[PDB]
Every structure is written in C-alpha cells, then in structure tokens.
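Same order as they appear, the protein sequences are chains H, W, E, P, Z, F and G. Residue numbering for the first sequence follows the entry's author numbering, starting at 1 and increasing by one per position. Residue numbering for the second sequence follows the entry's author numbering, starting at 529 and increasing by one per position. Residue numbering for the third sequence follows the entry's author numbering, starting at 212 and increasing by one per position. Residue numbering for the fourth sequence follows the entry's author numbering, starting at 1185 and increasing by one per position. Residue numbering for the fifth sequence follows the entry's author numbering, starting at 1185 and increasing by one per position. Residue numbering for the sixth sequence follows the entry's author numbering, starting at 1185 and increasing by one per position. Residue numbering for the seventh sequence follows the entry's author numbering, starting at 1 and increasing by one per position.
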Amino acid sequence: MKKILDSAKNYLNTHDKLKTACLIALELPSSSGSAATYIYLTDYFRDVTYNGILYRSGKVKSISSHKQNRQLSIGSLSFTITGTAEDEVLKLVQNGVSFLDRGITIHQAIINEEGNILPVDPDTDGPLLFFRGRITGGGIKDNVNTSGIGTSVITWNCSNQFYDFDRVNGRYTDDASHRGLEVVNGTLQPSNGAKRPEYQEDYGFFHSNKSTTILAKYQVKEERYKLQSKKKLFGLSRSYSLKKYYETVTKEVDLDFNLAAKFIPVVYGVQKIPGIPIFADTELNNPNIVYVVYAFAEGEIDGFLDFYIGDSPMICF
Amino acid sequence: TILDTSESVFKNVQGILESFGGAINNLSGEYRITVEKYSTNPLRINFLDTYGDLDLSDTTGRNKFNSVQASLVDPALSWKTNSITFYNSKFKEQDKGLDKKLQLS
Amino acid sequence: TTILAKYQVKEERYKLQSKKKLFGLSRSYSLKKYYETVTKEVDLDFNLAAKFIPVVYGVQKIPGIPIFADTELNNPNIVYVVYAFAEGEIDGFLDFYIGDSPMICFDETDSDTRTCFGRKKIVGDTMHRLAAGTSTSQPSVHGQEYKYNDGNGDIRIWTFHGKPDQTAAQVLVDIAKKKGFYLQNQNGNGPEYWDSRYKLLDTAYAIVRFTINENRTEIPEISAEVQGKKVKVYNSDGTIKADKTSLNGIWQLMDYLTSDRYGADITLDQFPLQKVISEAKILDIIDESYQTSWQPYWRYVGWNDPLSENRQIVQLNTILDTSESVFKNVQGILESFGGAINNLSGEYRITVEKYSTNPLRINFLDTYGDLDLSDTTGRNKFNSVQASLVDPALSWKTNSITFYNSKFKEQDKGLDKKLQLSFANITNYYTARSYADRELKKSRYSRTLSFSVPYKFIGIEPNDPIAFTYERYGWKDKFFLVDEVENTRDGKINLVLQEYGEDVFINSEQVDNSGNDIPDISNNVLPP
Amino acid sequence: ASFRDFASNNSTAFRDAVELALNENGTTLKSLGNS
Amino acid sequence: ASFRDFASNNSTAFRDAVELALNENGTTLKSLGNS
Amino acid sequence: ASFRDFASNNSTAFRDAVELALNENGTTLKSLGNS
Amino acid sequence: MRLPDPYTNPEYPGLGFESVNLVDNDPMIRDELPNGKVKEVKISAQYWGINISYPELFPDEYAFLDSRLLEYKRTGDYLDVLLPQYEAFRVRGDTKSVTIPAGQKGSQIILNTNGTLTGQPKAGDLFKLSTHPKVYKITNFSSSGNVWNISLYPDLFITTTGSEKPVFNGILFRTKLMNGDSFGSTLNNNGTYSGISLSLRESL
C-alpha cells in the first residue's frame, strides 16, 4: 500500500475532472559512457516545470499500461514519440550508438486550478512515480500511403533490471575472466572488465586449469574427474513432474566437460558445499606431501563449521 | 540457501522467491518486496465502487488437495532427503473422501 | 558385446564413450542445462542410438563399436575383437588410444611415464611410425598390420579404411578356415563363421588382437583418432579433386547432402557449382591474426604440412552423430560457419555472411512505402564473450576462451553482459577465438529493417549485401545483409534486412596459447 | 497485414487460448521453465 | 476486451496455428509430454 | 467456423504473439529444439 | 496515345467532357501533435487525378471511344488527355529558343525567353517540361524583362539539365485508366449509351 497524502485524498475524491500529465525523463543514447544527458518530455499540452526542470511538450504521443503479477516477470512499458520530430529520429537511428543500459523515469502529475502540481507522494511532497526502469529496444514504423495520410510512430521499449533473463553473472574460476584479460597491442593485459579495479593484479586463479589433472593422480580410478553438485534439491513446481523432478537431481558431475561446475556459489546460512580445486602441487624433497587449494563459496563468509574429509566429518555426529 | 551462480539471475531470483512467498514489484518506481500476510484493517471495496464488471473463477479441480507430501535436505541425516507427510481428516471428510495429494519439495 | 564383457572390469562392462561430446550452445539451451546434458559414456544394453555409425570430417577422436569378438581355440587368452570406426572412405587412422593413453605419446612429459613411441607435439608423429620405424606424419595404410608392445602384452591392429570394394580380412578368414575360432567349434560352425562375404563395405574398422597375460588382465576401452571421410572438392575450371578430407565447411555439407547412404539424396544436378565454389573461397580466406608457428599440435588439428599456409578463416573438424535427424544434422553443420541453405530460384544455394565493396543500392523511394525499424539491444548486445571447445592440445577435454572488450564496456555505461558460446566442430584454439571475436562484434549491430520492393530487383537472396539510403534519416549507403526474403506470385518481394558493419570482418591481433597445453599423463601407474 | 500489431497487444489471451487446448491432454506450457 | 472469451471458444485452432509455424523449423508442440 | 483457414494463413503472427507473453517470465519457445 | 475529343475528332461532338474533376492527390505523413501543432511530411510523389464524365453517346461515337480505349488496354501504353479549360492560348510564340539554366530543383524555376515569347502566363495555368511528362500548376509569376520567374505547386521532379524547353500550350496528362477492370456500358431503348465516365490517374 503506497501511502498517499491526506491532502491528495481530498482532491481525488471531490474533483471529477482531473488534468493529468506524465513527465518523462529518458537518458540520451550516446556513443560513449561519458556524461549523462537527459531529454525531459511531457504528455501535457503546455510545458510543465518540476524541480526547476522544464519538461517540454509536443513529442510524446502515448504511453502503455504497466502490469505486474505475483510471478517474477519483466515489467514492459511502451511510450511512443511523434516520429516526425526529425530530431528524435536521428537519435534513435544514429550509427555507432548504443543504449543498452540507459534509464527512464516517468512521473504521474496532477494539475490544479492554478496550473501547479498537486502534491501526492508523502516522502517527496510531489507527484507519484509511474515507472522507472531501463531502455531495452525501440523502433520506428514508417507508413507512406500512395493516396491518403501516412503515419510514423517511434516507440521506445522499457523494462526493469531483469530484461535479459538468459544472463549468467558469475565469477568463473579462471585467470582470463577474473582479471578481465584483453589483448591490447600484443599482450593479454587486464582491463576494466573485472568486477573490481583491484582484481587486475589478482593471480589467485592462475593455476586453476591444471589443478584437476594434477590432483587426479592422487585419486581412485573412479572420482578421478568428478565433483558433487552444489545444489541437490532446487524446487518442485508445475514446470516439473514427480518422476522427471526426482530423476533430474544429480549427485556428482564430471569436471572435464561441465564448465558450469566451475562457478563459485554463494551461500546464506549453514549449508554443505563441495570445494573446487584451484591449485595442487607437492613438496620437492617430500613428494608424498601434497598441497591442494579448494575454493568454497563466495564473499565474506562467517566461517567453516566442519570439513568432510571423505564422507565422514571431522566432528562426529 | 545455496545459489548456484551458474544459473541465470532471473531464475535465481525466481528461486529465492517462492520459498517464502514474495513478489518483486516495480510499480510506483521503487522495487517493493511483498509477502503474504493477514491484516485486521484491510481496504474496503464495495462493488458499487468498481466499474461494473466482475469475474469469479474457482478452479477447485487441479488446485485443491487433502494431504501434502514434501521433501527437504535435512542435516539431521547426512544431508540426505527427508520426507514430511501428513493428512487432514477434515479436508477428507469434505470432498467425499477423495484422495488428492499435494507434492512439494 | 556380451562376449567382450567377459574380458573387462566390472565397471565399463557394457559402456561406450559418447561419439559427440559438445554439440552447440544456442538459445534452445541454458548454461546449466547445456553443460549438464553433456555425457561421457553410454550403456550399450539399453541405448540403440549408440550403435549407429558416425561420419567424421577432419581429425577427430571417436570410440569404436564392437562388431565381432572371439578367442583362439588352443590359445584362449588371445582374443580377436573388431571395432568399426567411422563411415565411408576415411584417409586413415592417426592414433589409437589403447586405454586412456595413446600409442604415440604427447611430449617429453608423457614419455617419461610409460613406454611410448614418437611425439605428437611439434614433431607430429603418427601411428605409421610403428610400422615404418622412422618419423612419419601421414595416416595408416589400408590393411596393414601394426605391432605395439608397451611391455605388458602384444597388440596388433590391422587398420582397414573404408572403400566401396573392400575384401574380407585375410587374417580372420585364415583363422576361420582351420576351425581356429573357439566359439566356432563350440557352436559347430564351419568356414562360414568368417568368409569372403564378410566384406564390411563402406565402413572403416580395425581388428585389434589382444594378448591377455599376467599384466594386461583386462581389455581397455579402445578409441581412435581418424582423419575423416574423403570429400569431393570442386574447382572453378572443372576438374574434380577427391583424394583427401577437407576442413572447409561447405564441402563437408555438400558431401553430407549428396549422399544417399547417410543423409538426404540431393543430386548434384540441384546445385549451382559456380556459386558454391565462390562461397567456399569465402571460408578459405587466409587469416593473418595468428602465426602458424603458434600451434604445436599442427598434425592433429587437420593440418597436413606446417610449411603450408593452413590459416583459413574457418576450419571445421566435425563429428556427425548419424543417430540424429538429417534436419538437425544439417542445422548443426550450419551455424558453425554461418551458412543458410536456400531453396529459392530452384536450386539449393549455400550463402555465408560476407562484406562486399559493390552492394545493391536500394533507396526508400524504390520500395512500396512501408518501413519497420526494430533494434533489440537488450537480450542481444554483449560486451564480452566466453566460449568452449574440445581442444586436442588437452586430452580432447574442454578449453575455455574468455576475453573482454574495453571499448564495448566504456560504452553501455560499464554494464557487465557476457556472451556464452560453445563450438562443436572447431578444434583449433585460434580459429575458435577468432570466431568468438566475430560473434562478439556482430552482437553490437542489433537492428533490423523490413520493406517490400517491386518485381524488379528479382534475385535477392539471404546474406546479400545491400546499401540502404533513406534521406530522412542520416543514412547514405548503409550496409545491410538480407535476412528474410519472400517471393509472391504477383511480383512483390518482401525483405527483412539485418544491420552489419565493416569491423565485423576484420580480425584483431591475438597472442599464442602454445605454452598452456595440459596433457593427461594420469590414469596410468608410474614406473619405479 | 495489420494483424501482427493487434496480436502483439493481446498476447496473454493467445497464451491462455493455447494452454487451454493442450490441457485437453496432459500437456501444459508451464513445462518450459525446466528447459 | 471480449476477445478472451472468443479465443477460449476456438482454442484448438490456436494450437494448430501455432504448431504450423513451429514446423517450419524442426520444432513441434508434441515434445512437451516428456517434460 | 472459417477461422481455422485464416489462422493457418497467419501462423507466424500467432507464434510471435505467444512467445511475447512467455517472455514476460523467463519462458520462451526456442527451448523445444532440445526435446 | 491520345484520348479522342472534339478537337482531334470534330465529327464526333458527343465526345468531350460533360464535367471534368481535376483532383489534387499529395500523400503526406500528417501527425496531430498533442500540443495542437500539426506536422505533415511529404514523401510519396504527387499525381493529378482526372475524372471525366461523358454526355449521351450515340452508338458510333461510343464505338470510336471504346475502340480507342481497347487499343489503349491492348498495347499497354499511356493515355494522354487534353483538358480544354486550360487551353487558353495566353502565350504565343515558339519556345525552342527559350533556355532554362541547368541545376534547378524545387518549386522555383528561372527561364530566359531571349525576347521570343509574347503573353504573360497568369497564376493557375498549367506548365510542363519538354522532357519529363509531369504537369505542374503555376501559382505565382514575376518577370524582369525577358527573364521569367515561375513558381510551381509540385516541386520539380527532375533537376533541369539546361535543355528542357517550356511547354505553355497543348499540355497532355500522361494518365492511366482506373476503371478498366469492370467497365460496362448500358444501351437504352432511346439508342444512346448513358453514364459513360472515366476515372483517370496520372502515372509518374
């Protein structure tokens, strides 16, 4: 329940003819990420000043309906510009320009008798928010009729942060991915692709490629290249059947053809997880003493409660 | 919880939810997390306050069950699976003794 | 299989390695599901799809399906077992994996762990070194016997290539003639147990003879590295060259499409030879990003002579699991080098993505007046790529190619978006890296255009260069590639263009991964 | 024709109408999240 | 609008019209019984 | 009625309209080639 | 080809337009902005449309007319028409010695008569270039001695190449029939074909 000022609760109950305007503020698609230019637009017939920002009129034509269910889904919205402005057309059809992560905020403003904005939102003492998200898509539709009236509509597509549902954001256990290596002139140099600028001089995952093969020498013929599945049970819903759901659950995965088994999990609370080797080597004069490094979990963990050397924990039940 | 990071962000969020209810909502600008609850002061809607349309739909079949069977990874066992099964005599006294089981994990 | 199981471990009793490990990551799969589906071994007692004969183009590792297994009469510990490798006339067998260790050891590191011959790294030694005794880098010889003794027992191979007119193996015929086979005498069969009729036409195989003794008490899993079926390479002048397998994707697809033995029977009549020949040279363009010296496993990536160029832009060493459907097999051969089979204008036309300096000029006034622009930057634009492939530098395991782009992340306000890929038919590391870079570049142009043109301009086909010029926009000869073309009977052509760029087809410089090979020198007992 | 735009404005109805003929037999469209 | 009721009265036609565009490629809707 | 013929003449639009409501959540129709 | 009319065939006075409708057809991408401003973009080419209505045609006149129309439909060429209301010969002289300097696009045009033409083309009259078959309409005129400045309603379809000659008289519209698919003629008991009409449309 988004609380509304009691002052607005009187206007929304007494007045029947409500003059509403939608204030749009979208970031300009720019070739580079430098600076942050904003185009401010409105659906009202006259320009509307909000927080000193002049939302110019005459461009926006229509806005779609924002629908939200109780199942996680992208919240799609579609607002259309006139398409005959010829100054908005070039911004959309410009070459070498990307708007992958450009945002947009839309306000729902109610105009008074004197032409001002009726305060509704208690925290801001201003208008409500209709939608705020990201720009994912776009298009223009030219329709030249050989006899009659033609139309052109520029439609911008909007959604929330989960627009790319097929996106795997994870720190794969590899040097090339951890430091964001990229060939610059003739060498693989760390770049800004790393999730942190301090990851550029982190060689922790340098020997992760040969760790499994070296470790396999000191294992049984079985379990030579294997690892337990990080998550055993994942959830039974209407997308599965009993037989299929309980047959899909696996115990161990082969590491020589499963690149998804080398991702670092994140654990909240007390849970049992396998360890992914990232280093394995013996001493020089004592070859039977082997150091092997296993990377458990991600982030600052509280600690390790117990270690299962084989299938038997060090602290007995 | 264990979040297999090799999964998609969308599916990971969808899996974190449905474990405690939850519904991420992007309406009114912010991201709002809402869970199912009971309140003693709900909002009163009369049908005369609506636009006149009304659609009632009760799909008792395929959605109404008399007993539940669930499973979980229980550290009481060696992190194996334990089954929780119980019946309800009232719900089977209703529905004319039909046997309908809810399967959960 | 049942007879062979007697001479195996309790595990691997009825098992066989999957013919194709990696098959291709597309929008039909997710990362977790795709990498969980990949299997290593299949049980032969309930998998009838594991007894189909695969077809191999180029140098690839495939398991052997047993088709015969029997011991000698007075020497019951000597067992003859016949494994059928691949289909068609193959160039030969490069190496044999007796267990998990090839007869020709990888390098110096693998030589000091077991009894081996030659080196597969730099030297590129082949199995024929066993018979010749010198440094030989060419495949086996049809019907020649090879002797391999690693110190634990004698093993003889008798490699047989596919041929339309194979004759029955003389060794097995000679053994069956004198009632030498044990189960032959057990069941009372005579010389017909193995006869001249046992020709095994159009199927390569090897008759590996095991001498089970005190040391090799079990028959290990047999796998081999074949060089692949010979294909017909058409030349512009008119001559026909079919003597060796070709790594070119178009020739492999043409062989798969014109074979009535395996696949669809599309006659060579329904094919424009000139167009296919011209399109093959597009995949034959020499890449100058890397150096030939940077690949030490030159012999086992399809190359035949390190002195030669061998730097084609797209090179494919493919395994086609024939148990798949013809439609899916063709769809999998494509999407490995681009490609689009087109049935318009009568013939079957193979078109690949390319850049041209003389595209066809379409002005918007030449259209029917309609125009639809659609750019789905979300879900299609990425800043970095991560790919995987089966690399013979490792023991045919999976190697990951990951690199970022600082320019694409300077754009898009530093958003982290990764492209996930998996190459099935590519084994060369540098070729896979180049293809991943091309895909990453091509993802930055996500904008399509649809319009209709009159009957004139007839002849437009997918993957054709077109320059669009609409003065209302800032467009003057904008490069586009045809994606959808529809022909109507009333002389109207509907088109859907896909935006491309010039930078898509230039190759960025890369470095050498020659020193990051990880041979699997495990799975064997180290000597004292 | 101009039917594409319309259908794109009523997609959920199409989804429901599809899932209503697959439920005749035991098929349903909620079995795609697995794949 | 009132299009939902109609589509709910012609569901099988929708199913067939859908399965007719998936058969263009090798996809078909009879592959949901497995899942 | 005669709606079947029509829908059979506009199948791709139906496919797209269906796939546009499944993309609301993480479902999509390109996940049938596996099965 | 030429559409028959009393000027070409005076022996058939039944031919000749009982009423001619010269419509203006300029498609435009008109958009009505929410602020009250109307924005229209011209992209599609403009074309004059001619609707000709004939009086009571006797059998021989209709035989000639439909013979000519069927020859049109057969050989597939264009059908020229001459509107008589715009046949006021307001400009005497021969226009061969009139030069139009090259490199001119848009409504405005400049032509030098070199002291040859006699008569001033007033606004509303027709104009047509020698090479291109498009027919324009003079909207304003202004002359400084011999040089004439003419403003035309449709923008010059082709840029003048320095050889195009003005045509101020005998302007023919290169039209195409739009009633060909179903064109019927009724014969009365009085002996005349009634309600013969044509919906022409300028091509290119």
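The beta-carbon is built from N, C-alpha and C at its ideal position, and this holds for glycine as well.
Asked: Strictly under 7 Å for the Cβ-Cβ distance: is residue 626 of chain E near chain W by that measure?; Found: no
Asked: Please report the straight-line C-alpha distance between residue 178 of chain G and residue 199 of chain G, rounded to a whole angstrom.; Found: 5 Å
Asked: Along the chain, which unbroken stretches of the beta strand (DSSP E) at least 3 residues long are found entirely within the region 664-704 of chain E?; Found: 676-680, 689-698
Asked: Do you know whose CA, among E/270, E/691, E/731, lies nearest residue 653 of chain E's CA?; Found: E/691
Asked: Let me know if residue 18 of chain H comes out buried or exposed under the rule of 16 or more other beta-carbons within 10 Å of its beta-carbon.; Found: exposed
Asked: Just to confirm the assignment: which complete beta strand (DSSP E) runs, minimum length 3, are found wholly within the region 31-80 of chain H?; Found: 38-42, 48-50, 53-55, 60-63
Asked: Measuring CB atoms only, is the region 264-279 of chain E touching the region 421-439 of chain E, in the sense that at least three cross pairs come out at less than 8 Å?; Found: yes
Asked: Does the Cβ of residue 316 of chain E lie closer than 6 Å to at least one heavy atom of the ligand NAP?; Found: In the structure shown, the ligand NAP is absent, as is every other ligand, since no ligand is present at all.
Asked: Could you tell me the alpha carbon to alpha carbon distance between residue 305 of chain E and residue 343 of chain E, rounded to whole angstroms?; Found: 14 Å
Asked: Using the rule of at least 16 other Cβ atoms within 10 Å of the residue's Cβ for burial, across every protein chain shown, is residue 609 of chain E buried or exposed?; Found: buried
Asked: With a floor of 3 residues, list each beta strand (DSSP E) that falls wholly inside the region 562-617 of chain W, ordered by position along the chain.; Found: 595-602, 608-615
Asked: Tell me whether the beta-carbon of residue 81 of chain G lies closer than 7 Å to the beta-carbon of residue 8 of chain G.; Found: no
Asked: Could you tell me whether the Cβ of residue 246 of chain H comes closer than 7 Å to any Cβ of chain E?; Found: no
Asked: For the putative contact between residue 56 of chain H and residue 43 of chain H, defined by C-beta atoms under 8 Å, what is the C-beta separation to the nearest angstrom?; Found: In fact, because the Cβ distance is near 11 Å, the residues do not count as touching under 8 Å.
Asked: In chain W, which residues lie with their C-beta within 7 Å of the C-beta of residue 66 of chain H?; Found: 555
Asked: For residue 2 of chain G, would you say it is in contact with chain B, using Cβ-to-Cβ distances shorter than 7 Å as the test?; Found: Checking the listed chains, one finds no chain B in this structure; the protein chains it contains are H, W, E, P, Z, F and G.
Asked: If you draw a straight line from the C-alpha of residue 736 of chain E to the C-alpha of residue 561 of chain E, how long is it?; Found: 51 Å
Asked: Given a cut-off of 7 Å, decide if residue 139 of chain G and residue 100 of chain G are closer than it, judged by their beta-carbon atoms.; Found: no
Asked: Which of helix, strand or coil does DSSP assign to residue 539 of chain W?; Found: helix
Asked: With DSSP run on the structure shown, which of helix, strand or coil describes residue 227 of chain H?; Found: strand
Asked: Helix, strand or coil for residue 141 of chain H? Go by DSSP, reduced to three states.; Found: strand
Asked: Excluding sequence positions up to five away, which residues of its chain have a Cβ less than 7 Å from the Cβ of residue 144 of chain H?; Found: 150
Asked: Count the other C-beta atoms from every protein chain shown that fall within 10 angstroms of the C-beta of residue 605 of chain E, then say buried if there are 16 or more, exposed otherwise.; Found: buried
Asked: May I ask you to report which of helix, strand or coil DSSP gives residue 31 of chain G?; Found: strand
Asked: Just curious, the beta strand (DSSP E) that residue 278 of chain H is in, first and last residue?; Found: 276-282
Asked: Hey, quick one: how far does the beta strand (DSSP E) through residue 250 of chain E stretch, first residue to last?; Found: First-last for residue 250 of chain E: undefined, no H or E at that position.
Asked: Alpha carbon to alpha carbon, how far is residue 36 of chain H from residue 624 of chain E?; Found: 10 Å
Asked: List the endpoints of the continuous beta strand (DSSP E) containing residue 366 of chain E.; Found: 365-367
Asked: For residue 633 of chain W and chain E, any beta-carbon pair shorter than 7 Å?; Found: no
Asked: Using only alpha-carbon positions, find the residue among G/17, G/11, G/25, G/16 that is nearest to residue 153 of chain G.; Found: G/25
Asked: Based on Cα-Cα distance, which residue from E/218, E/685, E/672 lies nearest to residue 570 of chain E?; Found: E/672
Asked: Name the chain G residues whose beta carbon is nearer than 9 Å to that of residue 580 of chain E?; Found: 27, 43, 44
Asked: Could you tell me whether the Cβ atoms of residue 233 of chain E and residue 260 of chain H are closer together than 7 Å?; Found: no
Asked: Among H/6, H/81, H/10, H/99, which residue has its Cα nearest to the Cα of residue 33 of chain H?; Found: H/99
Asked: Within this structure, are the beta carbons of residue 572 of chain E and residue 678 of chain E separated by less than 7 Å?; Found: yes
Asked: Just confirm the distance between the C-beta atoms of residue 513 of chain E and residue 502 of chain E, as a whole number of angstroms; I'd bet it's less than 8 Å.; Found: So it is not a contact: roughly 17 Å between Cβ atoms.
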